[PDB]
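Heads up: the structure comes next, in structure tokens.
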Amino acid sequence: XXXXXXXXXXXXXXXXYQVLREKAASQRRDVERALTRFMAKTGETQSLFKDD
Amino acid sequence: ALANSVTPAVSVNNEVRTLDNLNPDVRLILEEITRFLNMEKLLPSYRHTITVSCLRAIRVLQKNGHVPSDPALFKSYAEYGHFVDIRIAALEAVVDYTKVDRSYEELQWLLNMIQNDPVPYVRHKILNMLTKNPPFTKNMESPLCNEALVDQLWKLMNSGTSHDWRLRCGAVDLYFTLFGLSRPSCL
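As given, the protein sequences belong to chains C and H, one line each in that order.
Quick note on the numbering used here: the first sequence kicks off at 1 and runs consecutively.
Quick note on the numbering used here: the second sequence kicks off at 1001 and runs consecutively.
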């Protein structure tokens, strides 16, 4: 079969349930902290310590 | 629940002051509450109720000495153009600040704003939970109410309080708690 016949490649299952929703929720946390850092250094800023 | 992750005993000697960027799980809690404060600055969902619980959390963090005992955040949330509930929780917070910490100046500010603001219900709740949670507690007078604070308080019972009945009723409650049935040990 290694020369004559052929096959088909789908190649991406990735269906690991808890791992999937870990990916999604971790990404949501990322976008949270990203926009936080952005408007953090963007707008009027007051701190918790001095100069953070 | 994170506010009820009360950890009083990290700073053994002096760790208040950006020293560890104080550590370690406290910082994670700080990350989450910082997130939610800026989310409700952006999203805001329903009365800034999240922001309210956050402000209570930040004060309880000051009551364990991790973010230092500084009112200027809460002061910047006792301002005019916010919601009531934000403002009302900031006032509860800064009242306990002036309870345990001995800030004379912000007490003076507080009484000046009891005099001066348009909203009634903040004056109502300032005086209510000021009396529920007092500084200057009677016959325990280390922060020296006898100097001129009795004077201005007597004034605010008399003056500046013919707006409403209940404001001077609260001032009656103030003199009930602070030095009730007597001379205040002035003269």
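Idealized CB from N, CA, C, for every residue including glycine.
Given residue i as reference, the closest of the options once Cα atoms are compared
i	options	result
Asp30(C)	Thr1098(H), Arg1027(H), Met1039(H) and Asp1025(H)	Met1039(H)
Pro1135(H)	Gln1108(H), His1124(H) and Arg1123(H)	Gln1108(H)
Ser1005(H)	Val1052(H), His1066(H), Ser1159(H) and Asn1139(H)	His1066(H)
Cβ-based neighbour list, residue i, same chain, cut-off 6 Å, excluding 5 preceding and 5 following
i	result
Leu1127(H)	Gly1170
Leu1091(H)	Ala1078 and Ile1126
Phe1074(H)	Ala1090, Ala1093 and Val1094
Chain H contact residues for residue i, given Cβ-Cβ distances below 8 Å
i	result
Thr42(C)	None at all; the shortest Cβ gap to chain H is about 11 Å.
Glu32(C)	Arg1035 and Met1039
Contacting residues, own chain, Cβ-Cβ under 8 Å from residue i (five flanking each side not counted)
i	result
residue 1195(H)	Lying before the first or after the last residue shown, residue 1195(H) is absent from chain H, which here runs from 1001 to 1187.
Under 9 Å by beta carbon: chain H residues contacting residue i
i	result
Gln27(C)	Those do not exist, as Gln27(C) stays about 14 Å from chain H at its closest Cβ, beyond 9 Å.
Interface residues of chain C facing residue i [CB-CB closer than 8 Å]
i	result
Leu1042(H)	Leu35 and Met39
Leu1030(H)	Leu48
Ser1076(H)	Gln46
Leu1073(H)	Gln46 and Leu48
Contact set for residue i: own chain, Cβ-Cβ below 7 Å, skip 5 residues either direction
i	result
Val1016(H)	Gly1065 and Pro1068
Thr1161(H)	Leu1167, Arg1168 and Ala1171
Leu1149(H)	none
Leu1061(H)	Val1067
Within-8 Å CB hit, residue i to chain A
i	result
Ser1142(H)	Among the chains of the structure shown, chain A does not appear; the protein chains present are C and H.
Does the count of Cβ pairs from the region 1081 to 1095 of chain H and the region 1011 to 1022 of chain H closer than 8 Å reach three?
no
With a cut-off of 8 Å, do at least 3 Cβ pairs link the region 1160 to 1175 of chain H to the region 1112 to 1132 of chain H?
As far as the Cβ criterion goes, the region 1160 to 1175 of chain H touches the region 1112 to 1132 of chain H, which means the pair count is three or higher.
Short of 8 Å Cβ to Cβ, which residues in the region 1056 to 1069 of chain H face chain C?
So the close ones are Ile1058, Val1067 and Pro1068.
Taking Cβ-Cβ distances below 7 Å as the criterion, which residues of the region 1008 to 1019 of chain H are in contact with chain C?
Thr1018
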